[PDB]
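Chains as they are written, first to last, in the entry's author numbering: chain T, 1 to 104; chain V, 9 to 143; chain W, 22 to 238; chain U, 45 to 112. Comments concern the structure below.
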Amino acid sequence: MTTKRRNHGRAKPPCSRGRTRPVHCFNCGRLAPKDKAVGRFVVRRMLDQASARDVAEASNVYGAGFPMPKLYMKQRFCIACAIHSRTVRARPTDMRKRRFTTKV
Amino acid sequence: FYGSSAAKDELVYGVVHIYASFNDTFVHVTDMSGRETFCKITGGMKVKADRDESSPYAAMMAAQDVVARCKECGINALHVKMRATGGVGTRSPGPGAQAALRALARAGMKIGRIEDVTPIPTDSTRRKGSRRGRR
Amino acid sequence: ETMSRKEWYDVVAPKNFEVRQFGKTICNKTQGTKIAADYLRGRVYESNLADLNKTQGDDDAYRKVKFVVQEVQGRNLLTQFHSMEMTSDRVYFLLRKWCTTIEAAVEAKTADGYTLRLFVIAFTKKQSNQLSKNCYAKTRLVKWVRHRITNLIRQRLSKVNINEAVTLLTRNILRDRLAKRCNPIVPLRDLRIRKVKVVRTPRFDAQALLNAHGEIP
Amino acid sequence: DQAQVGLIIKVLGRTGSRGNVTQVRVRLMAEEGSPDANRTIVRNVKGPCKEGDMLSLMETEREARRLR
RNA sequence: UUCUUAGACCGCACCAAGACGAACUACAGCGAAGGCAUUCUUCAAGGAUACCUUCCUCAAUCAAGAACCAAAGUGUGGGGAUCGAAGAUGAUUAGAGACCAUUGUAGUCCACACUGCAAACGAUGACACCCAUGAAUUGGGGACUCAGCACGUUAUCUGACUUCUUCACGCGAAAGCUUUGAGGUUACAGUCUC
């Protein structure tokens, strides 16, 4: 019916591909096309600040000695998935058209 | 004693595999070999009721009985390897991580050279779920 | 307990590491004709690189080293190379989206009958002046970089034995050359060895092993 | 029991939603210069609190809220 | 539900078998469409560009007719790790192979045959002309050792995909569409077809 979104909720432009590979979700296991799927990059700590202190005490070769590593992952979510944990939210008309590119 | 008597008055590096998931938390003991071990501790021994066997409290309560058995095995320093979950599971550990570490540090064990050792695929099989997901 | 029949040993490493006894390990007693020494052989013992060497622990404490047990002797354990591994996290630090990832594998056969898969990795680097959002490259500028890699590694290591070849990977003499030589083809950010896996082991020989440790402590 | 004083160093903020419980931070003045790397634990509190209030602690190494 | 002292879970080492190639992977590319992602080697192609080479109207679009065509299905043989319709068991519920959980057959893979049924969508038929604003990207062209090289910047051009979330005129019932048309149409006629 009505063209709600010009790009159709995709990063896939018309008249190019018409097919982009499916990708699983790290929530519910749902598949969707890669372009539709909602990418985020996490940078998840291996220790809270509160505990970081306590462990860096007992360390000598680590903590102070070398900066602590972090678990990195890419997270591709489904639409429904994203919305429900409210990391993507509905926006007014003027704002929906805005993009921030791939930068945070 | 039972432990060090030819490595005594010197630190000894164990290794500790920590596996944190949303049904239980495990704390294991290895000696930079992985071919021999001394103790296998599960959250579920210390705390009962399946929800609370993966909770932070489970971890810490278990961790103190790591330390108890390490000082009888001559182990003093502990390398640590944090593990999340399977390669057809998620990439997130449960809440029992970050609890265990602090409990050990505070209990006078040394901690150095922590690592992230987890099974992440180059690619693997179709993930459990459906096309339409769990719902 | 089970500690009634336990014992201890050490782990001796080659002379081309700067720490000989980096480990203190545990193994069951003979307990009849089962024989403790049998079990001890082919056991893998991991470490961190930066503890085991006192040189280039600055460059990486993000490398690990493994070994095997070729021969049990004394309370010692006489070992030889198994793998060297870059940690999972270290490559993410490097990695930037919008820069091409290159990789490659090389079968590198030494002077000895040992043989090594050398996995390699690399990434492209934007020029100092830039306006593009892309550091994307042509395909001829991919394979051509892999070309010099395979050449230069095979070349050197052919006439160099297993022992002294390990040294080049740990002290990262290889990496420096590789990163330098490839750079005019495409500016690289880093070039690294991801993983070093041992394929073929040719023999067990008392002499070569003993000599490769120098004098046992 | 253990009765271990601590001074409420500040009002950490509002956590919970019942109108009952607040989450506040406790600083240890119990220590005499004994090693603590904790060093100021967050504690959930029952009923009204105010800064500089001493209170006894039955527990230590509390991170309060956690992920749960 | 299910699995465990006949030692599970867990850790390390090694091996077997089958699928797949993460991240990097994009308001990017190639292909007529459907579609296509590890590396090396190999066979035959396709598009774009460059040219003071060649041919000289050989064209455009299409009833008839021919070829290709996602997934699920059917035939025969091989394979069968993972997931999984049907089935089984446990919950949830007033009722529940339900949605959920543990299992599990067909199927999921490959070869050779069929089927031609999709929101096969850009819901926009094909070819051709004219039509403005700004900033980028993708290829080519212009101003020792796979090496008289490769990348980048300034400027120009031809060919592709799209954005102005300051797209000009105009059109449309509005949403919207804009050299990339649904514009140049009651001042109604470029061409063909469904």
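Backbone N, C-alpha and C fix where the C-beta goes; we use that ideal spot for every residue, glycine too.
Using a Cβ cut-off of 7 angstroms (strictly closer), state whether residue i contacts chain V.
i                      : result
T/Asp-94               : no
U/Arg-106              : no
W/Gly-63               : no
U/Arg-110              : yes
W/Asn-69               : yes
residue 106 of chain T : With chain T running from 1 to 104 in the structure shown, residue 106 of chain T is simply not present.
T/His-24               : yes
Below 8 angstroms on the Cβ atoms is my guess for residue i versus residue j; work out the distance and round it to an integer in Å.
i         : j         : result
T/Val-38  : T/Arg-76  : 7 angstroms
W/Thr-46  : W/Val-32  : 6 angstroms
W/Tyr-135 : W/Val-219 : 7 angstroms
V/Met-90  : V/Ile-26  : 5 angstroms
W/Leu-199 : W/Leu-173 : 6 angstroms
V/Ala-92  : V/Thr-98  : 7 angstroms
U/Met-98  : U/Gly-50  : 7 angstroms
U/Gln-67  : U/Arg-109 : 6 angstroms
Is any beta-carbon of chain U found at less than 7 angstroms from that of residue i?
i         : result
V/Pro-101 : no
Against chain T, does residue i count as a neighbour if the rule is that its beta carbon must be under 7 angstroms from one of theirs?
i                      : result
residue 124 of chain U : With chain U represented from 45 up to 112, any question about residue 124 of chain U goes unanswered, as that position is not in the structure.
U/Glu-95               : no
residue 116 of chain U : Absent from the structure is residue 116 of chain U, since the part of chain U shown begins at 45 and ends at 112.
V/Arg-59               : no
V/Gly-137              : yes
V/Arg-91               : no
W/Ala-34               : no
V/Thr-33               : no
V/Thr-50               : no
Once the 5 residues before and after residue i are set aside, which same chain residues still bring their CB inside 8 angstroms of it?
i         : result
W/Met-105 : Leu-70, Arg-84, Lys-85, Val-86, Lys-87, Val-187, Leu-190, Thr-191, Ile-214, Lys-216, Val-217
T/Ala-32  : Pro-22, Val-23, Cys-25, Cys-78, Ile-79
V/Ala-71  : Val-35, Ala-107, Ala-108, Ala-111, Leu-112, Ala-115
W/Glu-124 : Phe-140, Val-141, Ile-142, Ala-143, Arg-215
U/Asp-80  : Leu-72
W/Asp-110 : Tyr-83
W/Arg-202 : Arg-169, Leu-173
Would residue i count as contacting chain W if we go by Cβ distances under 7 angstroms?
i         : result
V/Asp-131 : no
V/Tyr-10  : yes
T/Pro-14  : no
T/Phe-66  : yes
V/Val-20  : yes
V/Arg-134 : no
V/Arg-121 : yes
Counting only the same chain and skipping the five closest in sequence on each side, list residues whose C-beta sits under 7 angstroms from that of residue i.
i         : result
W/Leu-73  : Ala-34, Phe-38, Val-40, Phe-43, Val-86
W/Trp-119 : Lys-154, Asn-155, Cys-156
V/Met-69  : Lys-54, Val-55
T/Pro-69  : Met-46
V/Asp-124 : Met-90
V/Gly-52  : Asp-32, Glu-61
Only counting the same chain, and skipping five residues up and downstream in sequence, which positions put a Cβ closer than 6 angstroms to that of residue i?
i         : result
T/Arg-10  : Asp-35, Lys-36
W/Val-93  : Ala-58, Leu-61
T/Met-73  : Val-42
V/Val-75  : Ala-115, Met-117
W/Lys-130 : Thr-136
Could you work out which residues of chain V lie near residue i, taking near to mean beta carbons separated by less than 9 angstroms?
i         : result
W/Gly-95  : In chain order: nothing, as chain V lies at least about 12 angstroms away.
W/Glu-124 : Ordered by position in chain V, no residue passes the 9 angstroms Cβ test against W/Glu-124, which lies about 11 angstroms from the chain.
Using the beta-carbon of each residue, which ones in chain T are nearer than 8 angstroms to residue i?
i         : result
V/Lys-118 : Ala-58, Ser-59, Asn-60
U/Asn-82  : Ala-50, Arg-53, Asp-54
Would you mind telling me which residues of chain W sit closer than 7 angstroms to residue i, beta carbon to beta carbon, in chain order?
i         : result
T/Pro-69  : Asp-110
V/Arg-43  : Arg-64
T/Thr-102 : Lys-118
V/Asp-39  : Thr-46, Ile-47
V/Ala-15  : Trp-29, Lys-45
So which residues on chain V does residue i lean against when the C-beta distance must stay under 7 angstroms?
i        : result
T/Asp-54 : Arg-110, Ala-113, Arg-114
Residues of chain U with CB closer than 8 angstroms to the CB of residue i, please, in chain order.
i        : result
V/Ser-29 : Simply none; closest approach about 14 angstroms.
What residues of chain T sit near residue i, judged by a beta carbon separation below 7 angstroms?
i         : result
W/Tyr-113 : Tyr-72
W/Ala-82  : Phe-66
Quick one: list the residues of chain V neighbouring residue i, beta-carbon separation under 8 angstroms, in chain order.
i        : result
T/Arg-30 : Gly-137, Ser-138, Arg-139, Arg-140, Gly-141, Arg-142
Going along chain U, which residues have a C-beta under 7 angstroms from residue i?
i        : result
V/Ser-63 : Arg-112
Could you tell me which chain T residues have their CB closer than 9 angstroms to the CB of residue i, listed as they occur along the chain?
i        : result
V/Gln-72 : The contacting residues do not exist; V/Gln-72 stays about 14 angstroms from chain T at best.
How about residue i: is its Cβ closer than 6 angstroms to a heavy atom in the ligand FMN?
i        : result
V/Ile-26 : As far as ligands go, the structure on display features none, and thus does not contain the ligand FMN.
Segments of 3+ residues assigned as beta strand (DSSP E) that fall wholly inside the stretch 86 to 131 of chain W: 97 to 107, 122 to 130
Residue ranges of each alpha helix (DSSP H) within the stretch 187 to 228 of chain W, 4 or longer: 194 to 203
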